[PDB]
Every structure is written in C-alpha cells, then in structure tokens.
Number of protein chains: 6
Amino acid sequence: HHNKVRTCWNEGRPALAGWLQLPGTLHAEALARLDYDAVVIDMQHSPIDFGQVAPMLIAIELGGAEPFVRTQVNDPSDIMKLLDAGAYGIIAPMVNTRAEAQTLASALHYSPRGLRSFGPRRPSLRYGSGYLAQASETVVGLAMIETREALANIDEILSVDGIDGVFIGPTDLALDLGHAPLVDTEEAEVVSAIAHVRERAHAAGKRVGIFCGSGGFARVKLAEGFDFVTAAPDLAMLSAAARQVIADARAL
Amino acid sequence: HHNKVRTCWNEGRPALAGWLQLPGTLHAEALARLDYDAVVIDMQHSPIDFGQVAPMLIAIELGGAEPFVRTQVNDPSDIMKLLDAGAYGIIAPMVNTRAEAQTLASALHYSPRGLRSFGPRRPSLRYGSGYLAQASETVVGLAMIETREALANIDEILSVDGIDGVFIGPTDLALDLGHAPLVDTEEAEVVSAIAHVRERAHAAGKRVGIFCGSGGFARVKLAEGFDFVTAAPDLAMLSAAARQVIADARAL
Amino acid sequence: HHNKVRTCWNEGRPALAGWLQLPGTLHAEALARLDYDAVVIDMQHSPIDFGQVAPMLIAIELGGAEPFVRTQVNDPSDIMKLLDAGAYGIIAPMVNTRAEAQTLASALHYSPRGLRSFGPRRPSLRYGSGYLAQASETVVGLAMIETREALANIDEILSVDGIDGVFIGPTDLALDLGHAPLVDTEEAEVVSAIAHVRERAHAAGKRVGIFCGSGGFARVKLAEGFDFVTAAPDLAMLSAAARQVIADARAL
Amino acid sequence: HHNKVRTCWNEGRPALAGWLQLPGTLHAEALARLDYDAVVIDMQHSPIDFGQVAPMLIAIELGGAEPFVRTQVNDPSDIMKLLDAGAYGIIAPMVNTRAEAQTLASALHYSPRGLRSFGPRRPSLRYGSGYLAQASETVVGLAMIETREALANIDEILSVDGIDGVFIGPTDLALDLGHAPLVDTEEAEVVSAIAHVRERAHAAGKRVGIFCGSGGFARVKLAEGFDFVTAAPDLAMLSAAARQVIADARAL
Amino acid sequence: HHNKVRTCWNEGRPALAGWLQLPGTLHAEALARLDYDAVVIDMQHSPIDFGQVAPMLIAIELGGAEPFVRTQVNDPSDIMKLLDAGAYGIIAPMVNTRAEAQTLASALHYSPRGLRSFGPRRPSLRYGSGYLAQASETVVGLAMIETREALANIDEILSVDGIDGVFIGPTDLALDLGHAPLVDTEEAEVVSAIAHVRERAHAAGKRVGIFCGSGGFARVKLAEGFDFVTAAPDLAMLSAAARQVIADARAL
Amino acid sequence: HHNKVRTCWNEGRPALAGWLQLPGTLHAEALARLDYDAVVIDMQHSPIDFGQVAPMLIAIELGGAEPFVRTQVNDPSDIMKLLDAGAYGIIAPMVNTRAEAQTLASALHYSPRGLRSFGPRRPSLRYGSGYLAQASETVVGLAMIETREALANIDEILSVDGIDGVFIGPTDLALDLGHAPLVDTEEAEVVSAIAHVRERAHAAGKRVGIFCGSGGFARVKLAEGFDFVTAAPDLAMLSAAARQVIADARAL
Ligand SMILES: O=C[C@H](O)CO
Ligand SMILES: O=C[C@H](O)CO
Ligand SMILES: O=C[C@H](O)CO
Ligand SMILES: O=C[C@H](O)CO
Ligand SMILES: O=C[C@H](O)CO
Ligand SMILES: O=C[C@H](O)CO
Ligand SMILES: O=C[C@H](O)CO
Ligand SMILES: O=C[C@H](O)CO
Ligand SMILES: O=C[C@H](O)CO
Ligand SMILES: O=C[C@H](O)CO
Ligand SMILES: O=C[C@H](O)CO
Ligand SMILES: O=C[C@H](O)CO
Ligand SMILES: [Br-]
Ligand SMILES: [Br-]
Ligand SMILES: [Br-]
Ligand SMILES: [Br-]
Ligand SMILES: [Br-]
Ligand SMILES: [Br-]
Ligand SMILES: [Br-]
Ligand SMILES: [Br-]
Ligand SMILES: [Br-]
Ligand SMILES: [Br-]
Ligand SMILES: [Br-]
Ligand SMILES: [Br-]
Ligand SMILES: [Br-]
Ligand SMILES: [Br-]
Ligand SMILES: [Br-]
Ligand SMILES: [Br-]
Ligand SMILES: [Br-]
Ligand SMILES: [Br-]
Ligand SMILES: [K+]
Ligand SMILES: [K+]
Ligand SMILES: [K+]
Ligand SMILES: [K+]
Ligand SMILES: [K+]
Ligand SMILES: [K+]
Ligand SMILES: [Mg+2]
Ligand SMILES: [Mg+2]
Ligand SMILES: [Mg+2]
Ligand SMILES: [Mg+2]
Ligand SMILES: [Mg+2]
Ligand SMILES: [Mg+2]
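What counts as what
- Residues numbered from 1 in each chain as written, not as in the entry; some residues may be left out.
- Chains lettered and ligands numbered in written order.
- Heavy atoms only, no water.
- Axes fitted to C-alpha atoms, helices over the stretch in contact; angles between N-to-C directions.
- Helix = DSSP H or I, 4+ residues; strand = E, 2+ residues; numbered from the N terminus.
- Parallel < 35°, antiparallel > 145°, perpendicular 65-115°, else oblique.
- Left-handed = near helix turned anticlockwise from the far one by under 90°.
- Contact = heavy atoms within 4.5 Å.
- Nonpolar A, V, L, I, M, F, W, Y, C, P; charged D, E, K, R; others polar.
- Donors = N, O, S within 2.8 Å, 3.2 Å for Na, K, Ca; no water.
- Buried < 20%, exposed > 50% of the residue type's maximum accessible area, 1.4 Å probe, protein only.
- Least-squares fit on C-alpha atoms.

Looking at the method and resolution fields of the entry, one finds X-ray crystallography and 1.60 Å.

This is the structure in structure tokens:
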C-alpha cells in the first residue's frame, strides 16, 4: 500500500531500478525479486507493446518491486491507460519544454491537479476504497532530459509541479551534442551537462534520475546524489553474460 | 543449406549451443549472432508454448545459429509440427527405453526410415525443391538421458538408428539418483554416470551432449569429448548478471 | 445490412448496450446474444489493446449485437483502423470542444463529408459492393461529455454535423465537479448537469447516451429519454456476482 | 510460503474456490482478491490455452488466492509444465481407473515419490532455496470422477497415495448415467452417486471436492462435508448477471 | 442451426471446402464468404496453435461456411476442446487402424455413443437449449487415410460407426508408397489407391473426401463422386498468385 | 548490409514490392523469397498491430526482401519504434503539407539531420558497430500523396530533404477527387494527377512510388518510370485466387 520508490525517498535513500527491453513475465518477476526497488519496462526502444506490457506489470508487482514504464512517447492517454493497468512510475521520453512537462504532469493526477481520466482498474484492486484520496502519491513521474533543447529549458521543466523531477537519457543527450551515443560516457561535455541537470534538479528541490549501463557507473551516480538510478538493460546484461560464457567455454 | 551442428560434426569439431527459457525474438536473435552454433529453445521448463516458439525459430535462423527445441515431451506429432515450423534440432526429454527412442526417431524421418508426415512449410522455404532428398540430414535428434532407467537402458537407446545420439539432463539425473539437482555437480555418482553415458555413446559411434550451467564446466565437457554442449540458460545468466550489477551498484 | 442501433432509432426506440472491460471473445459473443442492441468494448479503462479488440468485434457481430468501441482517445487514425476492423459505433472520450468534436466527425465519414481513409477491410465483407454509398449510415459516432469544459461547450459540440450526438461519462464528470466519482450518482449538481446535457442534445435534434452501473438506473435513464444506455461493465457485474456467490456459499 | 488450500485443510476448514472459463488477468486478479481460497482455471471447456493460462496464474497469486488448473487431460508433461508455471493445484479430468490416478500422482511429485521433471521456474521464485524439500506439500492434486467407470473404481482410485483425493464433475457424471447434464442437479441417481463418492473418499481418509453452479448449492455441499467446493464459473455468473441487468433495464 | 456440410449431403450434393495454413481471421472470413461450404483450418502443417485457431472458427462461421479443423493428431481431448470452441468438422490425420478410428469416433459423441466430455461453450451459444439432443448431427468427422497401413485396413476403418467416413491425404500416401509427395498426382499406383479408397467408402455407405491442390483436380474429384473436396491451401494459392503478379510486373 | 531498395536505385533500376494486409510470418517469409525487392506491411488498413508486425519484419528479412511498413499514421514515435524493430522502409499515409513531410523526415534521421531517438535494437544487430554512421542510408522514407491538398502542395512536399520522395495512394486520391476508389483506375482526372505527381517528383530529383492492384498495371507503372511499385495486396490476391479455384471446381 505504498509506492516503493516514494518510500525510499521518504526514508532518505535513493532508489535502484531494473530496466527491461525484453517482453515476458518470467524474467520480470525474477529481476523484481532481486534488490531492485523498481523495475522499468522500456516501451520505446524495445518490441514491447501494450499487450505485452500488461502482464509484466503484474509480474513485477508480485516479485516485490514497483512497476515503472518508460513510455514510447509523452502522450497523456497512453500514460493513463498504463496507470490503470498498474504502472506506478512513468518516465516519459524526450520532454523538451515546460509545456511538454505540463502535459506529462496532467496525465498523472486527477482533477483538480490534473486531467487523468477515472477508471483505475488495477490501482483500485491494489489500494482499495481509499485509492482516490491517495492516488497522486501512488505514482512517480519523471520527465526525460535528452536533448540540447531540454538542457536549455531545464529550470523551467523543473518548475512543473505535478512531476517528481527528471530522468536523464544520456545516449540521446550525447548524440544531440554531436558525440557518440555511448552509455556511461566520459565525454566531458556530456558529463558536464549531466552534472548540471542534477545540480539544477536539486536546486529546485526535485528528484533526478539517470540511465546506467553498468553497476560501477551506477554506484558513482548514487554517490553523486542521483535519486533514481537504473542499471542495466536486461538485453545488454544477457548479451554480455552469454559472450562471456561462450568465451570461457571455447577457451583452450 | 546445411545444419550448422551437423557441419561442426562433419568438420571434426563439437557444437556449442545456447539455451533459452525466456520467450521472445529479440534475445533469441541477439544470442544466435554470438559464437553459438545452435540455440536450443526449452519448451519443457519454461512458459514457451508453440505460438511463442514459432517466431523464435525464425529469429535464431536469421541470427545465424541452428534453431533447436528441447520439447515438452517425446511426442511424435508435437515434434513434427516443430520440424515443419523450422526446428532443425530436437532434444526430447525423459527418453527412458529403446522403444521411446524409436518413437523419437520415427518423427524425424520420412518414410521409409520414419513416419514423419509431409508438409514442410518452413524447411521447404529454406532448402528449396531438393529438400525431400536431404531432409533427414537437415535435422539433428538427441534423446535425453535423465533417469536411472535411461542409464540402465543406455546401450539399447544408443542402438536406435534414427537419432544422432543422446543428451544428458544432469539435474534430473542427480535427483533420480537421490542427490541434490545441482547443475554442473561434483557428486561422484552423478559424475560417474555422466562419464559412463559419454563412454557408451562413443563406443556406439553416436553423439553425446550435456546441459551446462557455466562456461567453465562447458569447457571441461568439450575437453572430455562431448559433441554438443549447451551453456547456459538465458534466465540463469540474466539473473546472475543482474544480481552482480545490483551488488556493484549498492556497494559502498 | 443495417447498424442495429441506428435501426432502433429509426424505428422509434432507444438502444441498450453492453460494456466490456475484459478482453476475449467468449463472453463478448455470449453477451451479444442477449437482448443488447450493441456491445461497447472499452479500450480506455481496460487492458484491451488493438490485437485483443479485433477478434472481439467479430464475436459480437456473430452474436447479433452491433460492435461498438469506446476508444482510448479521440484520435482519427486510431478510429479509422477500428472502423476498418468492423467497429460500427465509436464513442470517443474527453471531447471537450467543438474542434475536438469536428476531429471525431472527420474520422467517421469519407470525403467529402470527412477525411476517413479508404480501405474498409471488414465493412466491405459485411455490406458488399454498395458499402461506399451507405458507409456513413453504417457507423454511429458519439462524443463523450465528461468535464466542466465539455459542459460549457455542449451546444457547440452538439452543433457538429458528422456525429450522432453525445455520450455522458458520469464518473469523470462528477470528479471534475469536485464530487466522488460514483456511478449512478445522486449528487444533485451531477444529476442536474446530466439532465442539462440531455435537454440540450434533444433541443439540437441529436442523440444522447449515458454509462450506467445498474439495470435500475438504466431503466430510469431510458424513461428520461436517453437514446443510448449502457449497463453494466462485465468486470463490475462479474465481481458483484462472485461476491454474492461467495457470501451465499459461506453463510451458516 | 504455503498452499492456501492445504492451509485450510490443516486448520480444520474446507476451501472455496472460483472457476474461470474466460481468459485474461484482470478478472482473475479481481476474483482472487475476494474470499476465495483458490481460483481454478478451466483449460478443458474454455478457449484458455497455455499461453493464456500463464499470466493468469501470476494474477491469481498476486490477488491472494491459490492458483489451480483443471487441465484439458490427465497428461503428465502437460501437468508438469503448469506446475513449473506456478499452478499449485491440479484437477485432472476423466480419471477413470487406478492406473490413470497413478499417472496423475506421478506428475505431482519428484523422485522418489513421483517422476516430476525438475526445472521449477516459478515455484523456486515463490518458495526459495528450500523448495525441493517441501515441493510435494506446495501442490494439491485431485482426480476427477465423472463416469460410471470412475464410480465403479472409486475405492481403488482413492487408494492412490500421491493425490489428495477426488473432484466430482457432476454434469459429465449425470450424462454418463443417462440423465440431463444439469449443474446442481436433484436427479436422485446422480445425487446418490455424489454422496457415495464423498462417503468413500472420507472412509479412505482422502479429500473430496465438487463443482457447483450456485452459492446455495455450494453452501449445502460444504455442510455435507465436501473439502473443496467451486462456485461458480465466471462466464455463467456474468451471463446471468447481464441477463438480469437487461431485464431490469427494459422493464416498464 | 445446421451443419452446412451435412446439409449438402442430405440434399444430394457434395461439399467444397477451403483449406487454411495461415493464421488469422481476416482471410478466414473472406474465404468463408465465398462459395465454400466449409473452410478447414490445418493445425498439423502450419504454425496455427489453439490460441490462433479459436478466433478463426468465429470468423469462418460469421462468413457463412462451416468451420472445420484438420487436427495435429487424433487425440480425443484435443478434439473435444476444438468442438467446444466451435469446430463443427474434425479431420484427424494418420488414422491407420480400426482402433484409432474408434478413438476418433469416441471424441465426437456424448455418452452413450461416445465419451465426449460435456461443456459446449460455443455450440450451446449457436444451437441453444436443444443442442444436446442434436449434438452428434452438428459435427462431421472424417478419418484420414494416408499410409499403406491405412489402405490395408480401409474396410475395417470404414466399419466404424461414429465417423462419417474418410479423408485421403494424398501427398503422405504417395510418399509412403515410395513416390514423390506431389499434390494432384498422376502416379498410377497412387491414383489407383485413391480410387480404391473411394470405392470402398461408398461400398460401405460412408463419405469420402480428398485434399486437392487445384480447381481442375477438384472438379474431377467431384465428378468421380467424392463427397468432400478441399481446394486449395491459402498459402499455396497466395504464393502462386504472387509469383504470377511478379512475372507480369517484371515482363518487358 | 545494404537496403535492397536503395541498392536497386543506386544500380539504376526500380524496386518491386509486396504488400501485406494479413498478419503472420509464414506468408511474409514466403513472399519475401520471391522476386520482390521489398515487402510492405500495411498497418493502416489491416488488423496488424505492433505485436504482430514485429515478427513479420524478421520473417521478411530472413526471406530476402527489405522489410517496409506503411504506418497507420505519420507519427514520429510510432515510426521510430518500427525502425528499432527492423523496419527499413517507412511509407507514411496522408502526408498533406510540407510541415507534415518534415515531421516524417524528422523521425528517420538521428541528430543533426533529424530527431530520431537512439536505441536501435535490431538495426544494430543487422549492421553492427558501424550502424550509426550509415543509419540514414539504411532506411527509405516515402510520404504518401492521397488528397487534393497533397496534390496542391506536391512541390513543397517534394522539397523536403530527409525523405526519398513520395508514394501515391490512388484509391484515396480518387475518392477525394469525387470518383470511385477503384484501384488501377482509368478515370482521366485521377490518371492525370498520378502522372503529374510522378513528373513533379522527378523534376525535383526525388523518387516516386505507387500502389498497384495487378501485375499488368504494375508493369505499365514501371515503364512510365515509377521508382517503387507495389503489387498486389496479399488478401486481394488470395481472395481472387480462391474465387477462381472455386469457379473451376464447381464448373460442369
Ligand atoms: O469509464 C468509466 C469507468 O472506467 C467504468 O468502470
Ligand atoms: O478505487 C477507486 C476510488 O477510490 C473510488 O472512488
Ligand atoms: O497435408 C498436406 C500438405 O501439408 C498441404 O500443404
Ligand atoms: O520441398 C519439399 C520437397 O522437396 C517436395 O517434394
Ligand atoms: O490503401 C489502400 C487499400 O487499403 C488497399 O486495399
Ligand atoms: O466495398 C467498398 C466500396 O463499396 C468499394 O467502392
Ligand atoms: O532442465 C533443466 C533445468 O530446467 C534448467 O534450468
Ligand atoms: O528451488 C529449487 C530447489 O529447491 C533447488 O534444489
Ligand atoms: O465442466 C463442467 C462445465 O464445462 C462447466 O461449465
Ligand atoms: O446447451 C447444451 C445442452 O443442450 C444442455 O443440456
Ligand atoms: O534508451 C537508451 C537505449 O535504448 C538503451 O539501450
Ligand atoms: O549500433 C549502434 C551504433 O553504431 C552505436 O553507436
Ligand atoms: Br540481489
Ligand atoms: Br495477458
Ligand atoms: Br546499456
Ligand atoms: Br561471441
Ligand atoms: Br508470430
Ligand atoms: Br543452470
Ligand atoms: Br436477455
Ligand atoms: Br486474432
Ligand atoms: Br460501474
Ligand atoms: Br468476498
Ligand atoms: Br504473458
Ligand atoms: Br454452471
Ligand atoms: Br465464389
Ligand atoms: Br482471441
Ligand atoms: Br497444395
Ligand atoms: Br518470383
Ligand atoms: Br513475437
Ligand atoms: Br487492390
Ligand atoms: K525487490
Ligand atoms: K552464430
Ligand atoms: K442481441
Ligand atoms: K482471496
Ligand atoms: K460460404
Ligand atoms: K526477394
Ligand atoms: Mg533516449
Ligand atoms: Mg531434465
Ligand atoms: Mg470517463
Ligand atoms: Mg466434466
Ligand atoms: Mg498428410
Ligand atoms: Mg490511402
């Protein structure tokens, strides 16, 4: 009866989340049962459509992590349908302006704070009759910062009330700056921008997150004060693990 | 226009294969593009049903590994439908007797060698008009040895003409012997049985395979002369990788 | 070869429709065979995506009710794809302005009345070669009135030619007015607004519908003159029925 | 970390279960959250295949009822795959002989008690490292008694160690006796047979269950001492509820 | 309220049926609306599993042809589940003996004529309360004759009461005789065997069918007196049509 | 490691493509293996949703044609998700203005040429580490011209840099001009408009395509100089083929 990520924050610690680009419920449950506070399902850069995401949300909740979705787009009705299917965290890509951030916020709250349409099929099952009064608190929302334009507008994005803060997409950000879209990059301009976004988010009293490609980079980000750190995509972890098993198997 | 595992064998080397318990095409293609000769899809201990296996076979072939299936059961019509969907390797569980091995063989060959029903939807697309004449060679079949009874009958199982040999299921085998179902076990009685099956398979001029849970164990099995070595299940590799990313991320 | 709801209207009676939030074809057909003129599939507050709605439309038609969809959003291309999949009634949520009502109308008619794209896969199978000439009549469209803003703009919404009228979403409407989102509410301000919308719809010579949560409320709405009354959601009816079976079973 | 039905029994009370013929997770979770100890998914007389049952098992567990399956057939490998997908109760239809009952039992226990193949994908996630030692206790198995032949062999069926008892299929039983296949029948010969099966099951110290079509009949069966009572199918409850809503809506 | 194929027969004409190896509802409905009396869905040599066949049965019925299935195997519980999903014709492959023909018949009739389990989800919706009394007549069953063994046993297969007759699988039959598995073959031994099966079926007062690969061959078979003629597989027709469109498009 | 359609163009010949309105992988692979340079999957006038398109892209690539999609709408995030699923050609419907053409172009190129978001799940598997540098060349984009408005704006649409040119939708175009939406029409005004669009596309040094309903019409279009010609929809070809098989079968 609490959003596990909001509970981390309220208790003075950051949240660590998984990141899924592969459809299906078995690995979603298995990863959720690990020491992840949340598991994010990626609906942008994956083959995961709505019909596949819906059972995954159930599986993550059963496993004991908060189900989050990184949506394909910042679209209010898409977001609302995920909320009603038991997505309790929403990370919306490519939020570049205050207005777009206000569109995200509008989907996450009922009237009068937002315009979320009422029909909370799965949240009502989870939270019971008192859901409406606590509904906003049950959902975490983060706007993604992934372009030079979003960088330019970061303080104004951060001034939007109905979102908890921002989530950096560092490979898109690197690419828009003219650099290779390398995860966990050391490119100075990208590193500088990432720090700046974190500094501005905290100056505004908001939360800041970042997508990580390794456990070591994630540790550093937590030490730097990021409130929400993901590490690492299921497909990338599995590929790397398989490459290593093959190398070990085929070694002389 | 050749079965990649049979090509390994014909060229004097063993085959290394992947092992999938998670449904979906993206990781299947990605793992197939690694230095695996085959990728086995597990339809026994997984949620993978026929509707999910069918696109995975396509994805593995595109990725450049031979698509194999470990079936739910040694059932001829199930096996035939997979063959016609472009499974080119069949590993049938719990083959305990010569008769059961003859049932497996019967599904893998057309008349007069077997009773496979004719309608090769995807093999005909892959191999063209000459498929019928080469059809038996396009498919690898292995009977699984997983019980004390299968151990007792190993020479008779190995005497069946229409299968390439046997595939050891070492966790089931350990359990039937009264030991913990540990993968890559060191339990002497299980290790002894595994060696014995390999020795008998080669004494019969047949192929022998084994399921491995790690790259190091797989290396040893290849050195011991196993012809077909799988390593390691996608779900197990992904779980272990995630546990390590989390440990690294949360370390002080 | 007629839209069953339009036939009710043309013959001087209202239409009673079912309302489905559960995916699947078996209950859709079974409910369609009851004395429902239409069955509405809810794609907003449900886990029903396009891949699941498509066979349900077939099942409702076979069962003998007109297949309707309440869409996730008032989006023209989404609506057109449903029309071509054999949705013959469209209820679009959250239609708040004349312009948004004109967007809905544009999707429901071919040129020159609208901009519906031509490729009527299933309507052409149902209606044959004469489909094009009668296509507009084969589809019912209703704009949903669910906010204070939609209330403010009701006469202008009702002035849009290409829609048959409006469909009240009374739980959203109650919530936007600051009241509990109770179905079949007695809250005076909400009841007053609902009556007003009905009065304005009929003053404009248009049709008016309303979502009901019970058979008794639905009877009253029909008596008040609503032209299209839904009652009641499959999930709500099933839950209530199960609660009662359990109470009866566990009673002393 | 306990099978909820076995816990009822161990604590001196019967279990009441739901019964689902409609695929999908939303109603499965919603019904599971009611005061049902278990929810049975019917894979015999429904369109529910393996790909649809798998997420339903997850949803029922999350909702707080024990997930059960009435299988299509008493087939060991089918049953094992459901066990590994997190079915914790198995009701097998048309168990007519001691041998068939022994086949059911063989699938539900690992060696040496049975021949269940080892790869417990979801039970291991639920129960953790100690699963193997408690695995038999985590699963309930019931053989269905549905024919004159099963009646003739009831004591011998009941003598099989590895099943908890029997589950009466009273419409099939009525039909095989030459009577209408009416649920909750009053036909004396069928009523007499049902009582006899219950009496013999308890004389053998085993559990007995029965499929019910109403809450009142279910109450009587619990009073008569049945240990496992289902009531009533989702589709039948929903159909009846819809018929009543329509009758109420269309009444003058 | 009648099986369209049985109506052909009762009215003194043969039945012509379609044959589908491609999953999906759109072409199934479209072909059903043509002058086919039935459409057969092939679950043996196709990727069509149960989850895909179920909506196709609905679509064929809506289109106005009798839905038939050629099953993967002659398995009673598989057949019963299709019957309850609204398959009204069953063609079972590889029926080689009287006993196997008796197994097929047993699945198609309720007690006392057969052992079909009672739960007719979709037939009860189609036929209403009087279904039970007419259930046998609503289903057509044909045993496939596809091997030398089935040829050897043809009179005994034909003596089985509960099946309408036999359906020749001529490519399998050719292959078992040592000839190329060519559809619509002119190979004398195969042609002779096909005629013999027809002659014996009619000498027994039973129905006989045959799979055809072209409209011309199908015409000849109807003229020779076959009672049930299929022509031709959707995939084969579509492939041939596409080849011709390409040849026409690329011609100088 | 090349887009097959771009290779046609670079080598001085047009491309001929298939057109699929039926979901599924088997016919997609089979048609791809014919002498089609590309196969277009229609997501506008079909029941093909994202979950169904994804495996079809894999199947077309394996078959040896370039996978293209005609999307439901010109929506950047929809297009990006298809690109990352291995759509290598995008045909966007109802592109009516320069601005809408610029929206299409923006989705097809990474920064700085466009705003495509980075996460190329399947293109990176196909093209390897050098993908980013060649990514724009791997994708073909065409804007559809289907209205009087698009005709009015054709030169301005053609002036957009990031698209290869335009694709005529001639049935929509005919309908918007007030004529019957006949494929391969002879209506002078429509024929004149089609020629004009081709002439303007080539005057701008861009590519022009057209949807054809027959091989003969397609031949003429290639002779007239169209660079990308589709012929003909799978459903239309299959329907016509079945009608002819039935006519031949039922002829005296
Ligand atoms: O739309 C209204 C609610 O979602 C019905 O449950
Ligand atoms: O459960 C949902 C809300 O609390 C009802 O108003
Ligand atoms: O069954 C015969 C063949 O499979 C038809 O293609
Ligand atoms: O392609 C299949 C076989 O070769 C035809 O006989
Ligand atoms: O787009 C054109 C039509 O839909 C083709 O059937
Ligand atoms: O069927 C569709 C239309 O009537 C053809 O113009
Ligand atoms: O078959 C062996 C086990 O299931 C692998 O996880
Ligand atoms: O989790 C499964 C078993 O307990 C491992 O032996
Ligand atoms: O099994 C009994 C019947 O199918 C319940 O509807
Ligand atoms: O509908 C099914 C049967 O007729 C009921 O006995
Ligand atoms: O979003 C970032 C990338 O897609 C992660 O793989
Ligand atoms: O594979 C994708 C790109 O080339 C990495 O930058
Ligand atoms: Br952990
Ligand atoms: Br699902
Ligand atoms: Br990464
Ligand atoms: Br590698
Ligand atoms: Br598929
Ligand atoms: Br392992
Ligand atoms: Br009724
Ligand atoms: Br479907
Ligand atoms: Br309600
Ligand atoms: Br309750
Ligand atoms: Br699932
Ligand atoms: Br019932
Ligand atoms: Br026709
Ligand atoms: Br379905
Ligand atoms: Br053929
Ligand atoms: Br060709
Ligand atoms: Br897929
Ligand atoms: Br066409
Ligand atoms: K956790
Ligand atoms: K490989
Ligand atoms: K009706
Ligand atoms: K419960
Ligand atoms: K017909
Ligand atoms: K090709
Ligand atoms: Mg990004
Ligand atoms: Mg095993
Ligand atoms: Mg609403
Ligand atoms: Mg029964
Ligand atoms: Mg055959
Ligand atoms: Mg068009």
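Caption draft 1: Up close: the packing of helix 12 (residues 215-224) of chain E against helix 13 (residues 234-250) of chain F. Across the interface, helix 12 of chain E lies against helix 13 of chain F with an axial gap of 7 Å and an inter-helix angle of 30°. When the axis of helix 12 of chain E is compared with that of helix 13 of chain F, the two are roughly parallel. In the packing of helix 12 of chain E onto helix 13 of chain F, the handedness of the crossing is right-handed. In this structure, helix 12 of chain E contributes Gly215, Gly216, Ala218, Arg219 and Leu222 of chain E to the contact, and helix 13 of chain F contributes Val245, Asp248 and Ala249 of chain F. Partitioning the contact of helix 12 of chain E with helix 13 of chain F into residue classes produces four nonpolar, two polar and two charged.

Caption draft 2: Fine view of the coordination of the potassium ion (ligand 36). All names here are of chain F. Protein-derived ligands of the potassium ion (ligand 36) are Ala32 (O), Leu34 (O), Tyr36 (O) and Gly64 (O), with the metal-ligand distances lying across 2.6 to 2.9 Å. Motif for the potassium ion (ligand 36), donor spacing along one chain: A-x1-L-x1-Y-x27-G. Here the residue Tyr36 occupies a position in the loop between helix 2 (26-32) and strand 2 (38-42), and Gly64 occupies one in the loop between helix 3 (50-63) and strand 3 (66-70), the gap between them amounting to 28 residues. According to the relative accessible area criterion, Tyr36 is buried, its value standing at 2%. Look at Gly64 and you get partly exposed, because its relative accessible area is 30%.

Caption draft 3: Expanded view of the arrangement of the chains. No interface is formed between chain A and chain E, the nearest pair of C-alpha atoms being 15 Å apart. With no contact between them, chain D and chain F keep their nearest C-alpha atoms 15 Å apart.

Caption draft 4: Representation of the relation of the copies chain F and chain E within the structure. The transform that puts chain F on chain E rotates by 180° and translates by 0.0 Å along the axis, for an RMSD of 0.0 Å. Put plainly, the chains are arranged around a two-fold axis. When each C-alpha of chain F is compared by its distance to the rotation axis, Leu238 of chain F comes out closest, at 2.5 Å. The overlap is high: 100% of the interface residues of chain F also sit at the interface in chain E, so the same surface is used on both sides.

Caption draft 5: Representation of the relation of the copies chain B and chain A. It takes a turn of 180° to lay chain B on chain A, together with a shift of 0.0 Å along the axis; the resulting RMSD is 0.0 Å. Comparing interface residues between copies, 100% of those in chain B also lie at the interface in chain A; the contact surface is shared.

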